[PDB]
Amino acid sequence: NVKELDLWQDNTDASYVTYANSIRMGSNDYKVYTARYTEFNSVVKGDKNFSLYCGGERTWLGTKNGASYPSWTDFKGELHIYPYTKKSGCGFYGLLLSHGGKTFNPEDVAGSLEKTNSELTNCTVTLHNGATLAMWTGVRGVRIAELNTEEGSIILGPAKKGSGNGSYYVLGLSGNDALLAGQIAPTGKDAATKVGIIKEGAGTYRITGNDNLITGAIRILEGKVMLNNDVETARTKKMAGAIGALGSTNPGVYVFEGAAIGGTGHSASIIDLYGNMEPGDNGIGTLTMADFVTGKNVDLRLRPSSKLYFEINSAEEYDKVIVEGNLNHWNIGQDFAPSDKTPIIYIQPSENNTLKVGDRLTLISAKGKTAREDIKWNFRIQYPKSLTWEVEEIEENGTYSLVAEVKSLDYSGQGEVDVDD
């Protein structure tokens, strides 16, 4: 049944509550109520529900200042993080993850991992409405196999502002899909304070918040991220969307080779596309790049390895990319070596499509086409094994479009060439 650890007390920085007795859950769910200042430093083993009701902004999983953390690798259950607002006026109500004196390098993820807090890699974690999940100062990482957040929750990153403070949440190792519906943004929306997501594993993470500011960017190493915020509302009300705006230099999304970005919402930051772009979410949709808050151009940064997949049901229903900015091709690969290979467009009619001769599909619309070093480039096209196509790259009235036109319902062999060789 249930064990309850009620550790709450109206305490201060000078009277921390510390609980460190090992827990073997057995057949019991646990419910733990923490004080504002709490060191929850118990080794936990079991496969039951562990619910952590956090009484303030100094409840640590581990010790003060994130100096150490207990073993949770034998915890295989569900960790649920809730607020507990009995003590009012706190900066936030949630859990501070520890770093164990270790620093994370977002540029060398593989080399950072084996010394990063990886205790929550055999369980699931759910961050509930009103709860915050934060880290301390410095540049820190945590590996969480499966994280879902509810609307009204906050992935904060560092508990305090600073250019030297950065928090990277390495999510997805379970291989399962998850939903980040709560906010992802640093304290005070401070632009210099970094909070980042690093996506690994085979599954897809869906991001739906409309007021994010992912200052440490999303780095997609494996699987997919869908930006599924309410873009129509974000346009009208001038909201940040799923990413927010990082400016004209730093990408908000790095899609590495083999991984994918997609969705029905929008990025207000540069997408650096080494990998795949799949508009919609396992189906037809429109993905937008646009900054509704500050009105600046947002470019799609294309690479020699870029691939863009367009599913097409009809002239009325097909995948679209809209860029309120330029298609900006960099002839530099993931390894910094030059290549003259250009992005591939995959034209993919559905199994029950109603395409007709003369249908013109505007797959990509942008303000312009640009390039590192002003080197001219065109998309390579992977045609399907049906119909006959003309692809038209059109610059007109100071705007750009990539159009696929159906010339015949008969097949003319255009799909026999495997472009990616």
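Position 1 is the first residue in the sequence shown; the rest follow in order.
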item	value
Stretch with the higher entry mean CA B-factor, where the candidates are 240-248 and 157-165	157-165
197-205 or 99-107, whichever carries the higher mean Cα B-factor	99-107
Residue with highest C-alpha B-factor in the PDB entry, from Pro343, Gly91, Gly265, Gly130	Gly91
Residue of maximum C-alpha B factor among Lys86, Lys320, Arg235, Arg303, per deposited coordinates	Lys86
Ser386 - which third its CA temperature factor falls in, relative to the rest of the chain	lowest
Within-chain third of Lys115 by Cα B-factor, per the entry	highest
Within-chain third of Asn326 by Cα B-factor, per the entry	lowest
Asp29, C-alpha B-factor rank within chain (lowest, middle or highest third)	highest
Ranked against its chain, the third holding the CA B-factor of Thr137	highest
